[PDB]
Amino acid sequence: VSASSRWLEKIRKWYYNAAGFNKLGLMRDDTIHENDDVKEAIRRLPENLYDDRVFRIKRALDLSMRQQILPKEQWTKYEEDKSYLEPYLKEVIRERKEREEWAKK
Amino acid sequence: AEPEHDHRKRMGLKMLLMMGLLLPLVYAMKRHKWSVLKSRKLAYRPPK
Amino acid sequence: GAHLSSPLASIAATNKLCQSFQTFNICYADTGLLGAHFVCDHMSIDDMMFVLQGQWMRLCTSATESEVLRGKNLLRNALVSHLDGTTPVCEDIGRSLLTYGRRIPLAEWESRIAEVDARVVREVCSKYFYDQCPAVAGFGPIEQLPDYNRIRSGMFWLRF
Amino acid sequence: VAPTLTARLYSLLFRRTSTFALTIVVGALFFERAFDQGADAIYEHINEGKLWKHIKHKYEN
Amino acid sequence: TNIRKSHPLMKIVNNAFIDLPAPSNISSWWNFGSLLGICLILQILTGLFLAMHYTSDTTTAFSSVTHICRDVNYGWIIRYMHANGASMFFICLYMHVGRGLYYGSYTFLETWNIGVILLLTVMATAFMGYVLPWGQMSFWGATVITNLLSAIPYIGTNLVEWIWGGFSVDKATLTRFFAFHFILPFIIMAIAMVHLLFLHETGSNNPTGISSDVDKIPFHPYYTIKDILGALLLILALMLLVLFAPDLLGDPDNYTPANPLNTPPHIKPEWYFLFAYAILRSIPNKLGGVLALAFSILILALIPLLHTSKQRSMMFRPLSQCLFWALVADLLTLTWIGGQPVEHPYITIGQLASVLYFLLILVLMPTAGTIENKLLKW
Amino acid sequence: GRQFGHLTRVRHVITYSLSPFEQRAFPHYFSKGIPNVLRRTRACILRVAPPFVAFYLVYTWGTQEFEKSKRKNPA
Amino acid sequence: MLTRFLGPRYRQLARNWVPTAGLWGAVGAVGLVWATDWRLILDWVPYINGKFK
Amino acid sequence: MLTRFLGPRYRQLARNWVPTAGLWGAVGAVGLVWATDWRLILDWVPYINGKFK
Ligand SMILES: CCCCCCCCCCCCCCCCC[C@@H](O)O[C@H](CO[C@H](O)CCCCCCCCCCCCCCC)COP(=O)(O)OCC[N+](C)(C)C
Ligand code: HEC
Ligand code: HEC
Ligand SMILES: CO/C(=C/C(N)=O)[C@H](C)[C@H](/C=C/c1csc(-c2csc([C@@H](C)/C=C/C=C/C(C)C)n2)n1)OC
């Protein structure tokens with residue numbers, strides 16, 4: 001049992017479905033606003049992941065144009081949502097903050 | 001107060017008849033130009 | 001380089017627009033592929049297309065008499081150079097019989113070549129190129145490869 | 001309508017941008033006549049006699 | 001090689017209107033930028049042809065306007081094309097700013113702040129514009145707005161009198177307002193080209209808020225033809241308004257010459273000032289009223305500093321979508337109330353909506369973004 | 001400003017396009033468009049409509065409270 | 001400066017472009033005639049008779 | 001977004017630039033006072049007495 005922590009998770013699953021990037025085949029990290037830290041982390045991704053990212057965005061911008069979504073079966077499931085960028089961006093912010101700390105002394 | 005009354009309404013009919021001919025025709029011009037994009041098929045073929 | 005007759009070849013050479021280009025007339029029974037293929041750097045695809053399509057149109061509308069002689073001359077030379085030795089000729093007999101149903105003798109080729117003048121070129125080039133839909137195939141660093149509409153717009157001229 | 005009217009309109013007029021233009025300008029002049037008074041005639045019917053053009057002969061010297 | 005690419009005039013045109021890499025997926029909501037440009041030019045060509053027959057003095061101001069409509073051949077169309085184009089220019093401005101908020105376009109700092117300055121300038125233009133006919137609404141609308149500037153602490157009266165050319169909205173003011181209304185659309189155009197310069201430095205945003213570098217298409221023919229179709233709709237909306245209902249948006253008081261003594265019962269702005277008029281009238285204090293009117297527009301310069309969301313667009317942001325339409329419906333409220341007198345139901349809800357405009361932008365939408373981030377575990 | 005061939009790196013994506021002269025401008029205009037337009041509407045009605053209803057009812061009450069206020073009922 | 005433009009190729013180049021240059025003149029003429037309402041030219045046109053006396 | 005700007009270097013950076021930032025304010029003040037003729041401030045100036053009653 002973890003009754004609260006699965007309703008606090010079920011709101012999230014609800015929100016995710018309401019956000020609807022998954023309708024356009026997208027993953028959460030595909031929708032992030034590209035600032036310097038993000039642009040850096042996109043830069044640091046390995047070939048396979050970067051290539052997969054570009055395709056998703058192309059397919060998303062394609063549908064967004066024809067004003068469509070994917071069939072239901074082919075949407076991104078909340079569970080199957082690979083948070084592939086987070087560790088890269090975590091490292092870039094961690095690096096930046098060390099700079100910002102060194103700039104203080 | 002408004003002498004032009006008849007003329008505007010005469011012109012307004014011509015405008016409506018013109019737009020009724022023009023609006024579907026420009027839309028048709030747009031669609032055919034945009035069709036190259038609206039039927040485009042993508043395929044991703046990553047290596048290995 | 002710069003002094004080459006073909007305007008495309010000379011503009012290609014001067015401006016290094018290209019690593020290589022070649023025209024082709026691939027024939028199948030009742031159909032074919034007529035056009036050019038090129039290889040170039042990422043930033044030169046647009047200019048290569050423009051210069052190519054501009055030449056097709058120049059030829060479609062304003063082919064001049066002397067360049068048509070050079071074309072005929074290159075073709076007589078190609079035809080006679082190709083038919084050198086047992087292998088190329090044996091190939092020509094086999095293929096010809098399968099396509100034309102006979103061997104078309106060399107004098108007939110000369111006859112049919114000599115008949116082409118500037119008017120013939122521009123009539124025939126217009127028949128096949130003018131305001132016709134291209135088949136386009138691209139590969140590699142092709143971000144700068146023109147959109148189909150744009151390519152299709154290069155298949156005619158507003159001045160003509 | 002044997003090889004289609006649109007096909008013969010293309011080969012005769014639309015092919016060259018010159019004859020395409022000439023067809024538009026010749027067409028724009030024809031159309032202006034058939035539309036100006038053609039739409040004025042429809043404006044006549046919705047105002048059958050309430051216009052001065054209909055009254056006219058009531059006050060004539 | 002290519003003449004269209006390398007000529008020091010055609011090159012500049014090519015890189016702005018022809019070969020420009022544009023996103024494949026931009027909505028009909030992206031049409032308003034060009035439609036503004038059409039509106040601006042349309043106002044110039046009707047404006048000039050109006051300026052040719054119009055006089056700037058109290059004695060002849062009202063009569064020259066009539067002279068145009070009645071005597072000048074097809075002058076009545078030019079006159080109403082102008083008047084309706086003015087507000088058509090405002091619907092496009094409102095669509096365009098709205099789209100900027102919804103889609104996170106504002107993140108382009110320079111291009112967005114220039115747009116705010118474009119707004120203030122187009123509104124400073126139209127306010128000076130409506131005074132020119134010298135109708136009752138021309139005068140008293142001019143009087144009501146200028147008098148607000150008396151509130152600025154130590155500098156108060158000297159400023160209002162300086163803009164007045166005297167002690168009231170007089171002879172000097174009409175002609176002076178005409179000169180400023182002639183020049184400002186040209187300054188607008190110059191500021192609009194810098195607007196387009198800063199923009200082309202990034203290219204357009206798109207409905208998703210993700211970068212479109214992976215799927216760019218050339219501005220011609222796709223957006224040439226999409227803008228051609230869109231302009232046809234603008235002419236439809238502007239011309240239905242001109243050839244069927246030329247005064248629907250217009251106040252009848254402006255059809256009687258100005259009387260500096262007899263003040264009308266209702267003081268009704270043209271619709272595009274109603275939301276702002278409401279915000280201003282709601283606050284009792286003099287200084288505070290003007291500072292709230294000022295804040296009502298300069299607020300858009302704060303919106304970027306108050307982007308809280310990890311995503312750019314509202315497209316995948318449901319809570320933010322609700323908060324946005326709350327802002328639109330609230331602005332629809334401020335509009336309707338602005339066109340109403342300061343009596344019982346209207347004081348309260350008008351004051352209430354005012355607080356909501358500010359609480360929504362300054363607090364509510366910045367909170368929605370923080371929560372929306374947290375729900376995605378971002 | 002940026003131009004084609006300098007925008008970004010993209011690998012392994014084939015795109016198949018057709019000429020506008022080979023295809024129809026309105027493939028299935030009503031048989032696909034109408035299913036789509038309702039689908040588009042249903043996607044947004046719960047996000048755009050509720051403040052407008054809330055405005056509309058404030059508008060209709062507010063105006064009804066305006067007139068039914070200045071008239072009296074006793075002396 | 002003009003002797004470079006005279007020779008057999010330019011003879012062919014002029015002839016190749018003349019049906020076109022003639023048809024653009026017909027465009028310009030009809031175009032000017034239609035736009036200004038040159039009743040001088042248009043009176044003699046078998047349907048365009050807006051001067052219907 | 002502002003916590004990055006607080007630390008000993010910025011304490012030194014502010015102090016290093018303050019005699020200057022103060023003197024530019026004196027420039028702006030004298031500059032505004034002189035340009036508008038702020039007889040409020042200028043009445044108390046021992047030579048500038050153009051209001052010579
Ligand atoms: C800026 C403020 C105004 C707002 C305007 C908004 C309203 C929209 C109207 C804007 C005009 C858009 C025109 C519609 C686009 C159609 C494209 C058109 O320009 O045709 C092009 C070519 O232009 C025409 O061919 C030119 C024809 C010229 C006709 C005359 C026009 C009338 C002007 C009169 C001329 C006389 C001068 C006046 C003397 C006083 C390309 O044709 P295309 O679809 O790709 O077909 C290819 C051609 N083929 C068939 C040969 C292969
Ligand atoms: C601060 C609000 C603002 C106002 C007001 C505004 N702009 Fe913009 N404009 C922007 C922003 C931000 C963009 C970027 C939109 C994008 O690409 O999504 C933009 C985009 C555009 C575009 C490109 C097409 C498009 O819609 O994206 C043009 C053109 C335009 N503006 C011109 C104008 C004109 C003309 C005016 C009226 C003088 C003006 N704008 C008023 C902020 C605004
Ligand atoms: C060539 C100078 C000129 C330009 C440019 C100009 N106008 Fe005007 N405008 C006039 C004149 C003159 C009048 C007075 C005649 C009239 O009311 O029709 C006027 C009238 C107006 C009116 C009063 C409308 C009415 O009839 O009730 C408004 C509002 C207005 N203009 C707004 C604008 C806007 C907005 C712009 C574009 C930024 C603009 N104008 C462009 C000269 C100009
Ligand atoms: C001239 O009077 C009127 C004009 C009209 N077009 O409605 C209305 C009848 C009037 C105006 C209302 C109104 C409301 S709100 C406003 C306005 C005018 S000016 C302005 C600011 C935001 C712009 C400042 C620009 C400054 C630059 C010069 C830097 N807001 N005017 O109603 C009292």
# chains A, B, ... in the order shown; residues from 1 in each chain; ligands from 1
>>> calpha_fit_and_write(fixed="chain G", moving="chain H", output="JSON list (two decimals) with C-alpha atoms, in the first residue's frame")
[["chain", "number", "residue", "atom", "x", "y", "z"],
["H", 1, "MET", "CA", 30.59, 49.53, -77.12],
["H", 2, "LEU", "CA", 27.73, 48.08, -79.33],
["H", 3, "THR", "CA", 29.75, 46.25, -82.13],
["H", 4, "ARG", "CA", 30.19, 43.25, -79.73],
["H", 5, "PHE", "CA", 26.37, 42.64, -79.85],
["H", 6, "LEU", "CA", 26.21, 42.21, -83.69],
["H", 7, "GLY", "CA", 26.64, 38.71, -85.20],
["H", 8, "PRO", "CA", 24.74, 35.52, -86.33],
["H", 9, "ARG", "CA", 23.99, 34.27, -82.75],
["H", 10, "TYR", "CA", 22.31, 37.57, -81.82],
["H", 11, "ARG", "CA", 20.34, 37.37, -85.11],
["H", 12, "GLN", "CA", 19.02, 33.98, -83.86],
["H", 13, "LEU", "CA", 18.62, 35.32, -80.30],
["H", 14, "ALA", "CA", 16.43, 38.22, -81.49],
["H", 15, "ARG", "CA", 14.21, 35.99, -83.75],
["H", 16, "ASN", "CA", 13.87, 33.40, -80.89],
["H", 17, "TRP", "CA", 12.52, 36.13, -78.54],
["H", 18, "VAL", "CA", 10.25, 38.16, -80.93],
["H", 19, "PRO", "CA", 6.89, 36.26, -80.84],
["H", 20, "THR", "CA", 7.23, 36.71, -77.01],
["H", 21, "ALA", "CA", 8.22, 40.45, -77.12],
["H", 22, "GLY", "CA", 5.31, 41.06, -79.54],
["H", 23, "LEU", "CA", 2.82, 39.23, -77.24],
["H", 24, "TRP", "CA", 3.98, 41.30, -74.21],
["H", 25, "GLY", "CA", 3.26, 44.44, -76.27],
["H", 26, "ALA", "CA", -0.25, 43.10, -76.96],
["H", 27, "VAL", "CA", -0.53, 42.55, -73.16],
["H", 28, "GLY", "CA", 0.65, 46.16, -72.51],
["H", 29, "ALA", "CA", -1.66, 47.61, -75.16],
["H", 30, "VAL", "CA", -4.85, 45.74, -74.12],
["H", 31, "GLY", "CA", -3.69, 46.41, -70.54],
["H", 32, "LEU", "CA", -3.34, 50.20, -71.05],
["H", 33, "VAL", "CA", -6.54, 50.34, -73.23],
["H", 34, "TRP", "CA", -8.62, 48.44, -70.60],
["H", 35, "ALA", "CA", -7.25, 50.37, -67.56],
["H", 36, "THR", "CA", -7.77, 53.98, -68.76],
["H", 37, "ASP", "CA", -11.12, 53.13, -70.64],
["H", 38, "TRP", "CA", -9.75, 54.41, -74.16],
["H", 39, "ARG", "CA", -13.02, 54.76, -75.69],
["H", 40, "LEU", "CA", -10.94, 55.84, -78.78],
["H", 41, "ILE", "CA", -9.75, 52.19, -79.14],
["H", 42, "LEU", "CA", -12.73, 50.57, -77.25],
["H", 43, "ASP", "CA", -15.63, 52.10, -79.32],
["H", 44, "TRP", "CA", -14.56, 49.68, -82.13],
["H", 45, "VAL", "CA", -14.80, 46.57, -79.77],
["H", 46, "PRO", "CA", -17.91, 44.37, -80.57],
["H", 47, "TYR", "CA", -19.13, 43.84, -76.91],
["H", 48, "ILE", "CA", -17.48, 46.52, -74.75],
["H", 49, "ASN", "CA", -19.94, 49.38, -75.35],
["H", 50, "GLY", "CA", -20.35, 51.04, -71.91],
["H", 51, "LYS", "CA", -20.75, 54.36, -73.78],
["H", 52, "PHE", "CA", -24.26, 52.95, -74.70],
["H", 53, "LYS", "CA", -25.96, 56.14, -75.96]]
>>> residues_around(residues="residue 241 (chain E)", least_positions_apart="6", cutoff="12 Å", atoms="only C-alpha atoms", output="PyMOL selection string")
(chain B and resi 8-9+12+15) or (chain E and resi 77+80-88+234-235+247-250)
>>> residues_around(residues="residue 84 (chain A)", least_positions_apart="5", cutoff="9 Å", atoms="only C-alpha atoms", output="list in words")
residues 29, 45 and 49 of chain A
>>> atom_distance(atom1="CA of residue 104 (chain C)", atom2="CA of residue 88 (chain C)")
14.7 Å
>>> residues_near_ligand(ligand="ligand 3", cutoff="8 Å", atoms="only C-alpha atoms and all ligand atoms", output="PyMOL selection string")
chain E and resi 39-41+43-52+54-55+65+78-80+82-87+89+121-123+125-133+178+181-186+188+250+254
>>> residues_near_ligand(ligand="ligand 4", cutoff="9 Å", atoms="only C-alpha atoms and all ligand atoms", output="VMD selection string")
chain E and resid 86 to 87 117 119 to 132 137 to 146 251 267 to 278 280 293 to 298
>>> write_last_selection(atoms="C-alpha atoms", output="short mmCIF file (atom, residue, chain, number, x, y, z; two decimals), in the first residue's frame")
data_model
loop_
_atom_site.label_atom_id
_atom_site.label_comp_id
_atom_site.auth_asym_id
_atom_site.auth_seq_id
_atom_site.Cartn_x
_atom_site.Cartn_y
_atom_site.Cartn_z
CA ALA E 86 -8.33 52.26 -37.63
CA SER E 87 -10.23 49.72 -35.54
CA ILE E 117 6.30 50.54 -28.20
CA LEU E 119 1.21 49.44 -29.58
CA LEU E 120 1.61 52.66 -27.50
CA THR E 121 2.47 54.53 -30.72
CA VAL E 122 -0.50 53.17 -32.75
CA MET E 123 -2.75 54.03 -29.84
CA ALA E 124 -1.19 57.50 -29.38
CA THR E 125 -1.89 57.83 -33.14
CA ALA E 126 -5.59 56.85 -33.07
CA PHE E 127 -6.30 58.99 -29.97
CA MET E 128 -4.85 62.04 -31.86
CA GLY E 129 -6.78 60.77 -34.94
CA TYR E 130 -10.37 60.84 -33.65
CA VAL E 131 -9.94 64.49 -32.46
CA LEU E 132 -9.43 65.74 -36.06
CA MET E 137 -16.78 63.15 -28.99
CA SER E 138 -13.61 64.41 -30.62
CA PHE E 139 -13.46 67.37 -28.23
CA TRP E 140 -14.74 65.86 -24.97
CA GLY E 141 -12.81 62.60 -25.45
CA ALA E 142 -9.72 64.78 -26.05
CA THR E 143 -10.65 66.81 -22.92
CA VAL E 144 -11.22 63.80 -20.66
CA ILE E 145 -7.87 62.12 -21.54
CA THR E 146 -5.57 65.20 -21.49
CA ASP E 251 -20.40 57.22 -31.76
CA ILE E 267 -18.21 59.94 -22.81
CA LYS E 268 -17.75 56.87 -25.05
CA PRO E 269 -14.29 55.87 -26.44
CA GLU E 270 -13.99 53.90 -29.66
CA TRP E 271 -14.13 50.19 -28.64
CA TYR E 272 -10.32 49.76 -28.63
CA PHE E 273 -9.91 52.11 -25.66
CA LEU E 274 -12.87 50.75 -23.57
CA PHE E 275 -10.97 48.12 -21.53
CA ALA E 276 -8.28 50.78 -20.66
CA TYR E 277 -10.91 53.47 -19.94
CA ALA E 278 -12.56 51.00 -17.52
CA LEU E 280 -8.69 54.06 -15.35
CA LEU E 293 -3.90 53.22 -17.23
CA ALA E 294 -0.16 53.47 -17.94
CA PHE E 295 0.40 50.15 -16.06
CA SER E 296 -2.45 48.50 -18.05
CA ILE E 297 -0.29 48.49 -21.19
CA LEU E 298 3.35 48.69 -19.81
#
